[PDB]
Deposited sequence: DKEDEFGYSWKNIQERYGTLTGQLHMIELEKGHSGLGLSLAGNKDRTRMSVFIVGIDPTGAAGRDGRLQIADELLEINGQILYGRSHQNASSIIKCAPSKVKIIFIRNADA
């Protein structure tokens, strides 16, 4: 585990059954992300719709448009409005840890 209780074992146990590919990354902050989604949708509840190419996420280069955000710093993002998820991200300290899933055709 890290400070949020995150390990690859743990996150695989929680989310390993979802269709798509699970990821976890750490970034230093802002992140320069635009989010969209629907609170009540059962997949794609909060997802990335924009990445500032000059901001922390863009420079890092691992996050991609349409990536579905599950958690940041121990807080669950799905089932909540994208604005609430954006607020959580904005209020977070510099160091962030993000669990997300990517949904490729093939």
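Missing from the model, relative to the deposited sequence, are the stretches 1 to 2, 32 to 34.
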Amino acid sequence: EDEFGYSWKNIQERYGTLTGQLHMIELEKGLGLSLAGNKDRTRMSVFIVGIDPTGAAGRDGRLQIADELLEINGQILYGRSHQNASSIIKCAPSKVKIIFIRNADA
From here on, numbers count along this sequence of modelled residues.
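Between 78 to 86 and 91 to 99, it is 91 to 99 that carries the larger average Cα temperature factor according to the deposited entry. Between the stretches 57 to 65 and 44 to 52, it is 57 to 65 that shows the larger average CA temperature factor. Highest CA B-factor among the listed residues (27, 33, 36, 72): 27.
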